[PDB]
Each structure stands twice: as structure tokens, then as C-alpha cells.
Amino acid sequence: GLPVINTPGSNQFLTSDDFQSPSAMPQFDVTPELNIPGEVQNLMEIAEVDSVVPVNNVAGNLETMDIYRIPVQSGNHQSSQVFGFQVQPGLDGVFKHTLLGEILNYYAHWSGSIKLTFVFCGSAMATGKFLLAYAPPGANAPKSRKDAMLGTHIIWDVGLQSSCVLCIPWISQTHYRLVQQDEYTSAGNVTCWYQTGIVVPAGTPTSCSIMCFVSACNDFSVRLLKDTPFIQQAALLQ
Amino acid sequence: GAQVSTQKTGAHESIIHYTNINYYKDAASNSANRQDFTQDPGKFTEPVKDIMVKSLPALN
Amino acid sequence: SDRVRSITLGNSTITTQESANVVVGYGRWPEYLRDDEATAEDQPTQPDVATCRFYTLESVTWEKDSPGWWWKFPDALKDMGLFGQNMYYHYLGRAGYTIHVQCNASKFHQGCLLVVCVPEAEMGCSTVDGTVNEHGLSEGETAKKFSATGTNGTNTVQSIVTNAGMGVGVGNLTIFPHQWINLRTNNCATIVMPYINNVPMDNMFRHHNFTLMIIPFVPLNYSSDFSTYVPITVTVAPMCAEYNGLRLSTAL
Amino acid sequence: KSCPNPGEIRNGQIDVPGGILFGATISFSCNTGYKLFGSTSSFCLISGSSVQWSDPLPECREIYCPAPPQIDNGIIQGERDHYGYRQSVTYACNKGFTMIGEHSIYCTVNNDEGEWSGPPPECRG
Amino acid sequence: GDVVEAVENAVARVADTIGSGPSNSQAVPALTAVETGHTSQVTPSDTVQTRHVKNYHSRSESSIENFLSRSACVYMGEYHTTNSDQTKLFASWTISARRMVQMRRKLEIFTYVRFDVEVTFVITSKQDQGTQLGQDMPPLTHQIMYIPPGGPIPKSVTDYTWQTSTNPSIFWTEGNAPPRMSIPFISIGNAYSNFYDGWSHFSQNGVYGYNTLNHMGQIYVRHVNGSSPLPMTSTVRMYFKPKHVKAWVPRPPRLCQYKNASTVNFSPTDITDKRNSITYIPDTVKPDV
Amino acid sequence: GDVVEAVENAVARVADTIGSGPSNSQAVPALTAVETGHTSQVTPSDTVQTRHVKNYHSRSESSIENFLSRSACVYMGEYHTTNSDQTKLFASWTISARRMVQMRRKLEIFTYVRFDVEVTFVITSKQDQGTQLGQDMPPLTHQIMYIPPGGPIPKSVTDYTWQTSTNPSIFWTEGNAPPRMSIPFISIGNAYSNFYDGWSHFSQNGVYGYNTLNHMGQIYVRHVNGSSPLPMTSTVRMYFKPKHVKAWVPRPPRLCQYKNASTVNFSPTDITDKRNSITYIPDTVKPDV
Amino acid sequence: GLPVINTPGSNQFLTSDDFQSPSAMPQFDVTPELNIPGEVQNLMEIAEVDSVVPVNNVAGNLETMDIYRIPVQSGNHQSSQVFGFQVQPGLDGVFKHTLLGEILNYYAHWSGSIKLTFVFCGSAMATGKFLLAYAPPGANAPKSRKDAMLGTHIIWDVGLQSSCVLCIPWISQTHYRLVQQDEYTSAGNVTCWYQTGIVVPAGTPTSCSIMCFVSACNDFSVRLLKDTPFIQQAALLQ
Amino acid sequence: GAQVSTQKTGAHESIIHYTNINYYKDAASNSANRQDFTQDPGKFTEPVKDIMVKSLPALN
């Protein structure tokens, strides 16, 4: 008999342990592996894929394709801001059910730059320039184009290239932010404004839609696994 | 006939490794491969034939 | 002699004919944030001379019974020229400082001041089960005053010098960077503090990186010495100031 | 708009929970061992063209205990006047007597008034 | 590498931020054509001036292995020590990960998965409520038995079938560590299939979906002491920890709640939560409004 | 070296006393200027004639690691096996080392600290007092569950939440060795901060101090047998042993007693104990006076 | 199965044990270390720093800055001893709450030389010489300068060098003394006397204060960890 | 793949060492570093620029 001392922990069952265990089927000949296309290896591969953001998540659009359309139009509306939203990828309605959002919800920490792609869906004869701005935290949301252009921004010219990318660089006091974001880990907002109205020739629709896609950049990562708030049940036979 | 590999680094910027021996006859009995970290976003973010250089127009 | 000394930062220069030495942080001179220590990704602004220079705060009077005084730090310089403006416009900031406390008297006066920089000087409330005020904590330039007795009042700091507003023995404040101004030998104190925090950068309004305390341990005294007026003046100069996360200015 | 900076109360505290704009109220208190003379709060009001405080800062004042008690057959060591907060008085018994009790008492504050701490000692022959 | 081995180096570092300065050219990285079905590869340095940052962040915890490899309850049932029902004297179910949602939604993020499984059982017993409560029952010993499809099925706690001459069984006594064992990749196919847009019958009818592909047998568990003067009841909980994983063709995470175990059925549900207007951004940073 | 490794040589010897003889010079080591903020480096040999002493004394036990690395109770709470309150059926707190003073004063000697932590739990149960005391309850099995900030919180001893598909949990049965596990340095920042002269809100208000920086989640513990004919009650005690430590900017040891957990608040307290006079030195060495 | 015997000790929980234990967070990526100034490594680094001694810990000074001031004055006071105190660094009121004292109280044994720095805070025109003496145990405290000068001492001349260091060399039968000192581990006393009064010109204050700082020398160490007597509580929410 | 280092010396002025093997994948699981004994009083007792030789005046 070799002398032994059992340490605290002996006989416990830790959900996330990682030990060897006897097989109940000695020598089972597993069926050969088959090379299926589309192998996934890290959930970040999924978060790096664009998915459509429901920016227009206003009461009444919650179950209609509108929630995905940002309304924009011909005529003088400069004072009128096109849209705006908080940058809380795992928490605010605008993002939480997004491909990036659903993934963030299985973790408690995130870090990285985010890509917001905007695509114009008006007629080809339509024209226009928009100002896409991102404001790091510390002040309230810009209330005018003047205030918004003092932060990070691109001026998007609608043309043959239907899409424009506003990249939100990671600017934070800490290396990570809570997915369940609080004021301490605030990330700011992005707002959009007419830089020079939408002009259009006769015979074409005077209003169209802009769509918005989100995805993670390559400096993005997440930590600390946890369960999602999004799924539940009252009983078995689930 | 054992294997020594490195530990995931913790609380600081040789004793940072562990040793393991398999005691069972089936690979199923082994512990998880928590240390394999490959990646290939491409399958999904960019499955276009005709390489998009993107710094160039993308259309034209 | 080594009592003589000059210091120049930006468009400003300080001189003394009666210095002790110069104390340096925990032996660390200020440095700018290195790439392998950074998280905020945007390019920093480093105003340099416009910002890293000597700002002199409003003086205080040393009376025969003054308990002491204190100042919270990044806040306190918030209205000092471009150093303050850069504070208002950025979410994150980082800086070191050269602190120069001045107090001259005469070979016939006597007294001794402890001059300390306490990193992270969280203070206690007068009302034991209440909480402080930002006002009870700092008044910008000016200076809060310690007290010779226990204080009351909701929101104010329990300021009896004896416990330094922190619940410790005032006479043990020496584990912190400091110098003494003993009137018989010395007429100023100079401490260079490096940035100290548990994160590489931080917001300068929300967090008082450190507190400067001037506490007389041996009180001011003199005779028919037609000089009863003995002021103390604090001059400080930010060093290696760098800022990140630019946006509209913060609400006063 | 806003009232001028409240300032500071010597041996006291000013609480400012709701800013210093018109309509704001600030509260005053004295440190332990000091008593408040004057108002305990001030309101920021508009009067003609000036925005000003309704009430001035009060005074926080200290306190002397009364003359210490005499004890039979003992003496107060070094008796003098003006025993302030925290100062103490000590006693000794006369030749022929032995002391029982605390040899010293201290000046404390109770309800804003100076009062001697514990009971004085007794001298027994 | 070999996805069956319990060791394998290499840090999963994210990308460094390349230092970037001012630009005036024909380069137009921020302008792409989303219609192509390609996701833009723009990084901060393509649209703003960036400093250089040596980034040490790793994606270790989001590797498929670390995401799935944590034991999850996939089933729970009860059985009594003593009763008139015979049936209530043992528990039995049909193996699947479709009866508890947490685990199910995790797996369903992938269309196909292949892996070995570490099964851990947590068994507990309680004494049933009653007027007389005094007894001195020795320790309870349980028997868990796996019946591959086609094996004879127990009809009572004392059926010959529990002889397990061949089915694998586990005998365990209360008070000891929870029972545990590894099961290899057991599929008839090359990967377990989480979705199947198909039928069981060639005439495009019969049963639709996941179920036709299942058939991994069932589990039966009973007490072995078999008795107790006063009634008692045990609950068996089974946990699955997949290990040595491989996954293919990711799909969106289930949005609507699950309605039952055999189907993918759901009720129409909201895309996300509402907010006041398309410009609504709450005001934080105020002397508290 | 690497402060993560469980081995590392070298004796921590103090200084030898250098032999010293008579002196008549301009050297004046015993005369310094304390105003500079420098602590004099004088040793006995600078002011008296000393012999040589080879000193073997080591400072091993005052190394930061050996000073903090001893398990300390940082919390204790109770929960019942059975009750009408539901709430009293499980215990829960918010992780912090601020509720038991001994540990707290030790940590607070440093402004910042970084370390891994060995957590050990001591759980005990007693049978509640009553008129009828006879029952035969099997061994109690407990469940300790950690809920990182943001996870769903249990609302009863039978909430779905205890499924721990992802939160880490420990199941343990009485009579065995106390449960134990290591937790890594878990901060959002580069070092845990013991003091924070700051606010949560940018407008210099909100919550002041340590609390705004906390947020490390909470612990929930419940019985799993869930029953007992007669009432019983358990007490859970949690111990912290930091290990692989690093500490910065030392501060004076807390002098005034602590008033509560969320603040640094205190009442004015004496610098030290009084004595008779500034010259009072008691007379020992007397034929006993 | 490999043969084993459990030894006494198995399954116990020793507060000061030192074993490996499973991590409840496999592969957690800890945040990068940051080089903060002021790293402490051994509590002795703190004890080696001067802190002010409350020598005048007389009734009535317990909460006022006086407890730190040693009164000294012009005129004839030679017979009058300036101050005196026992050398019990971890026990006597004069030292226990000192930086050195607080540290000693977390241990049961100490050994080493101690530095007492005295700083003169009178006017620059003030003058004087003092005799600082340390008497090893075995006799009662010197009652006159004659008796005191027979022991270890420095004669301090007030001048431009405001401070003077009296170093108390380690003289003991044993290598260590109890921090909770008894007569068996007595260490003696230090007393101070006018060597030649304080002289002063006209127009200057005739009385001033001398302060006293204490710190450990480099031959100082402590052993046998224990809890401090100084902190306590009556209940939780501490 | 083990490590051998020396024991802290006890009750007397080769068998004075021990061997250790790490069985876990995370550094957090390792035992304490009770054997590391560095020291740098300077940060605190002498943080003055301008080296004080002290055997010399310190002022003048």
C-alpha cells in the first residue's frame, strides 16, 4: 500500500472539471470521419460574420421587416438626425439578438473593435452624403451634426460602392468591458446625419432605406463563460 | 510514457507546465483538447471566388 | 551648496536657495504609457509644454493653530489653462507631477510641516453611517482644512488631523512619498510623483489619483518678530500628460 | 443661475447634495466637540438681479468643563482653570489615606456642554 | 492536428493594432459592396489614425471545445423505493439532448457535431412525507443500465433483464462520488445531425425531423436494495460533457422558445426589444435628472 | 523571477555586524537631515564599538507571500433544511473580503494587490432544538454555486437556475474533507484595488469608494436532499488563502476600528495608550515593592 | 489499483497548508500585468521606514498632535530629565502603533537593532547639546545624567544637521525577544538629558519641540506569525 | 517532468530537499511561492534623487 492523503475537493463534481474516465464501451470502432464543408472552430468565426442590425426596433416593428430599415429621404431634413444608438453589443436591443450579440451573451467579458457596414438601397439615380459618427463616453449623445463631427467619423458618399464601413476602434480605460454593460464600462454612441441631403431626379421614389450590418474586427475576443439570459423553460419534454 | 506540455498562463507577465499520462485503452477516455486554438474565419466571412482586395472599389 | 536648485518645465522656472533634496515617487520618474501596457487604441494627444508646466494654486496662511490642509489631485488643476481644457475634452488622461511646496520664514521663527502625497486617499465620513460629498472631499484649488477635533455633519470628511481622514495614525503617513519643511533648516519641499493606479489610464474627474496633505507637526511660533504672516504656497507641474478618447466637453 | 461658492465652516462641515443653483439647499453641521451657533441650512434664491444664499454660515464653537470636584482627604494635582475637551484632572490622597477608584477624570462633552467623565476617586483612612 | 488528444500548444492571440497616420489617395477601404456576400475586413487603422498596440488578448475560451465541454443537465427523473404502481419503482427515458434547453440551444448552434461524451450522474434520495417517520434503512445502492436499441426492456424492478450480461450497467451506493463514464462517438453516420429537413419514409411522409435520425437507445435505473419500510423517493440527474469535439455549418442561435422535444416548432416571436425612437439614446452624465 | 511558480531558492539573510573600533574624524554618520524624506542607514557599528557577528537570521516569514498565504474566514452564513420562509432555505452573499476584519486589515496594508486565491469551505449542520427529536436523516449533500455578475439568480431552492450548465458549482457531502478550489486573478483591471478615492459617475457623485470597483458576483448555497422531517440548520464558512501574490504602495495599518463594509468610515480614535509622564519607566529589579 | 495507506492528517484542513488544487476556471486568460510603482516584497521593507513616535503619550494628548512633541527649553533644567521610555517595540504604548510596532504585532518574535532619529524643531538661532542614552537591562532606569552616561550614548550637538541618530545595538542573551515582551526578554531603556542646556538670543521663542522617529536597522527580522491584538469585531457586515 | 529544490533548513547546523510535480493545467492551481525572498527597501527608505552618502553632512 502506497501512502496517500486526500485533499479538499476529493469526491466533488465540478461541472468544468477535466479528467480521464473509463469508457463504458471498450474498443468501440467509431465510424470514419468525413470531410464536411464548413467546419467551425472558434465562436469568434461566427461573430466575425456580418448580420443585419434591427436599428429601427420601435414599438410596432418588432415583428415586421421594418425593424431592419433605416428611413432616409429627399428634401431638407438636415436638423433631423437619421438615427443613433448606444454601443452595448451584448445588452441593448439593437444588438443583443444579432449574430455578434447572441455570441456575446454566452460570456461575461468582451473587448475589440466593431465594424458597422451601412448599405444604401435607394434607386441608382439617387444621390447623397451622410456623416457617420462615433462618440467615446463621457458626454451625452451629440445633439447636432456640429457636435457629432467632433468625434470619430466617416463621410459617406453614395455611389457605385453601395456600402460604407464605420469601424468603432476600441477606446477604453480597461482591456475589457462587461457584456452586461454598466456605466463604468460605457462605450459611447454612434449617430448619423445628413451631410448634404438626398437628391433625386424626377420619376424616382423620394425616400429609401439604408440597412446596417455589424461584425467583429480581428482584435475582438470574449471571456468568462456563463449561461444565456435568452433561453428558458418551465418544465421538461423541453 | 508520458507527455509534458505548457500550462495556460495566469496572474504574472519552467514551472509553467504540467505532465500527463493516459491510463485507459480508449481515446474516448482521454481529457478534453482545451489547448488547441486554430481558426479560419474565411469559410464564412469572405466565401467569394475572385479575391476581394478591399482597398480597391469591389465593383467598377 | 546643494541647498541651491532650479527646475524648468515649459515656459516656467522655479528656484530655491534653501532646498533639502528632491523626493522621487517610489523611486520612479514619470514616463509616457508604453505600447505593451496600453489598451485604449486611439492616438494620444501630448500637448507637452502647453500642459506640462508650473501652475501655482491659491496660497494658505499658516497660523499658530492650523491643523493642516489637503488637496485632491487630478481635480484641483481642472481649471488650470490647457491642462484643464484637455481634461474636459477627453475621457482618459494620465500624468505625473512635480509638486513644489513653498514656505519661508526667518532664522527667528520655528515650526515643522509634513508634506505628503498619499495615493488613493479614500476618506471617511464624519457621520459614521453616512457618505461623503464631492464637496467634502475637494474644493479644487483653495484646500480643505483638517480639524483639531472630531467633526460632524453629513457629507463632510471626518477631519481630525490625528487620523488624517483615513482612520490611521497620522504619524505613520511617512510610508508615503514626502518631505518635511523644518523652518530652521529648510524653506520648500519638492516631490516628483509618477502616475500610480491599477489601470494604465483613467478619467480625471471621477478619480482622485492622490491627495497632497500639509500637516504641521510642530506649530508655528515667534516673538516680537514683526512677521506673523507666514504663507504656504503650492505649485505643481503635470509631467508627461497624455490624453485619449476625445469628444465634446464635460458638463461642469 | 448659481449661488456663490458656499465656502467653509471652521471646525464644521457643509453638505451640498443638490448643487448650488437656484432652489438648492445646503446643510451645515459642526465637528464633534463643537456646537453650532446660527443657521443649519441655507437656500439659494434669486433676489432682484442677484442669486444669493438665504442664510450665512454659522459658527462652530468649542467649551470648558466646570471646576473639578474636590474629594475628601485628597488633593487635585496641579489645579488650574480652563479645562477643555479631553484634558484631564488627577487626584492623590493625603498622608494617612489610600485611594480607590480612577485616579484621573477627563473633560468630555455631553449635549454641547462640558462635563467631567467617570466618578472621582475616594480616599479612605 | 489530431482532435482526440488531451494536450496541444500555441497561443490564440488576436491582432495587433498597426500604427496608422494621415492619408490622401484613391484607396477606399471603407467603401465595399456588401452584395457580393463578403464581410468587410476593415480594421481601425483603415479609417482613423491609430497608435500601435501590442495586443496579448487570446480567444482560448471561445474555441468550440471550451464552449461545449462543461457538464450540463440533460435529464432528470424520479423513482420510488416502494409503491403499488410497479412502474414507479424505476425510471427510464430515451437518450437525447433535447429535453433541457440550455444544452440544446448550445448544440443547435451547429448543424452537425461529432464527439465523445463524458456522462456524470447525480442521484439523490429523500424520505417521503408521512405520519410515521422512524426507520433505519441501510445505504441505498442504485443500478443504472443502458439499453442499446433492440435490447430486451425491463418490465419490473425484478425482471431477468437487469442481469446485464451484456448491456453496460453501473452500480453505485449513496454517499460516494457521483458515477461517471465516457461514451465514444456512437453514431451510425459520420457526425451526429442536429437538424434533418427530411422524412423517415421514402414517400416523403412518416416522421419529420430530428427524431427519425435519433435511436440511441434508452436508460433504465432502479434501486437494488429494493424495499424500505416507509416510502422513499430518489431522483436521478444525468449530465453530458461533450469532449474531443468537431462542428460544422454554424447557424443562427435559436430565437423563439422551444415548444417540445420532437420538433423545431415555435410561435412567432419578436426580433428584439423595443425602444422609444430610432434616435433614442438615454442621457447618463447629468447632475441626476 | 516568475511569481506563479511553486519553487525558488536563495536564503534571506540579514546583515552581519561589521567589527568596529575607535574613531576621531569629520565622519558624522549619526548626524543627518530628516527633512529630505530619507530614512538614515546607520547601523550599530557607526555609533558604538561593535564586535563582528556572523548573523544567520532570515526574513523568510515576512515575505509578502508568507504573510498573506494562510486561509482566513471571510464570511459565514446559515440556511435551513426546512422552513416556511423559502428564503431561509439557501444562503447567498456578494464576494468581497470586507466583512471579516482580520483578513481585511491584512490586505489593506497594501493599496493594490494581485493574486490567485485558494478558496476552502467549511460546512456544518446541527439539528434544531424542539420537542420531538427523533429522525433518521441520511447524509446531507450541499451545492455551492458561483454566479458571475450578470447571471440569472436563484429564487427558491428549486429554481431551474441550479442546473449550473455553465456557472461553476461544487457538490459536497458531509463527513468528507472540506471542499476547495483555486480561482485565478479575476480582475477587470491590472491589480485588485483595495482603496479608490473616486466615484462611479463621471459627475463626481454616485457611489464613493471600494464598492464601485468590486462586482465579482455572488455565491449561493443550498441543501440538495431538500427535506428533513424535523428542522435542521447548516452554516457555511468560506476561507480565502491568497497565493502567487504581488503588492504595491504600502500604507499605514488601519488604526480605528471598521464601522461597516462599504466604507472606510471610522470614529476618532486614540493615537496610542497613555502612560503617567513622559519620563515614566516602571521599576523592575527591586526586592519586590 | 495501486496499494495505499492513509496517514494521520488525511482529510484535515490546516489553515497554513500548501497544496495544489483544481481550478474552477480552466484556461481563464488573466489580465496582463502592469508595472506599478512601489512594489512591496517583505514587510520588513515597511519596518525599515521611519515613522513618528508618540513619546509624549500622556493623558490628554491621546488625540492631539502633542503626543508627538518632546518639550525642551531655555534656562537651567539640567536635573530635569527630558524623557525616557522602555525599549519594547511591539508592546509599550510609545511604540506599538508605530510603523515598526504595527508590523511586529503580526509576529511573536523579533530581533535586531533599532534606529531612533531625533530632530530639533526650534528656531535656527537656538542652540544646545543633549545626551541620548540607552541602558541594557539589569538595573533600574538611570535617575541622573551621571548614571545614564555610563551606558551606550551619543552627545548630540544642535546645528545645521537638524537630526541625530541614536542606534540601539542588539544586546541580548537570546537571539530573539518576545514581541509580547516579558522580564526575561527585557531590552532596557533610553533616556535623554540636557548635556549643556538650550541657549537662545533675544527675540526668539524660549521653548521648542524635538520629534522622535523609529525604524529598523538591516539586522532586523521577525518570526512566528500570529493575529494582531489591535483589530476586532462584534459581528459581520464588518 | 519534475522539479527538485531545497527545503527550508530546520533543527540542525542531500536529504534536505524535496521533489514536486504539477498535476493541473492552470498556474492558479499551483502551490504558493513561499521560497522567493527578494527585497528592495530603497523604494521607501531613501527615495531621494541626489544620492545621500550619510557619513557626510546631508546639507551644508
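Note that the chains are named A, B, C, D, E, F, G and H in the order they appear, and that numbering of residues resets to 1 at the start of each chain.
Assume a residue touches a chain if its C-beta (ideal position, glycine included) is under 8 Å from a C-beta of that chain, and two chains touch if they have at least 3 such contacts.
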item	value
Chains touching both chain D and chain G, listed by label	C
Partner chains that chain B and chain F have in common	A, E, G, H
Most central chain, judged by mean C-alpha position against the global CA mean	F
CA centroid of chain F to CA centroid of chain G, Å	25
Cα-centroid distance, chain A relative to chain H, in whole angstrom	48
Computed distance of Cα centres, chain H from chain D, in Å	52
In chain D, residues with contacts to at least two other chains	32
Residues of chain H whose C-beta touches two or more other chains	3, 22-32, 34, 37-39, 43-45, 47-48, 52, 57-60
Per-residue multi-chain contacts in chain C, two or more chains	20-21, 23, 25-27, 39, 41-42, 119, 148, 150, 160, 162, 169-172, 175, 177, 180, 182, 185, 196, 198-200, 203, 250-251
All touching chain pairs, where touch follows the definition stated at the start	A-B, A-C, A-E, A-F, A-G, B-E, B-F, B-G, B-H, C-D, C-E, C-F, C-G, C-H, D-G, E-F, E-G, F-G, F-H, G-H
Residues of chain B that touch chain G when the two form their complex	8-13, 34-35
Sites on chain E touched by chain G in the complex	56-58, 60-61, 66
Footprint of chain B on chain E - complex, ascending	1, 3-12, 27-29, 31-33, 36-42, 46, 58-60, 63, 65-66, 69, 116, 182-185, 243-245, 250
Residues on chain G engaged by chain F in the complex (per definition of touch)	10-13, 15-18, 20-25, 28, 30-34, 36-46, 48-51, 54-63, 67, 70-71, 81, 83-86, 92-94, 96-97, 99, 102-103, 106-107, 111-113, 115, 117, 119, 138-141, 152, 154, 159, 161-167, 169-170, 175, 183, 186, 189, 191, 213, 215, 217-225, 227-228, 230-233, 236-238
Residues of chain E that touch chain F when the two form their complex	70, 72-73, 100, 102-103, 106, 122, 124-127, 129, 133-137, 174-175, 178, 284-288
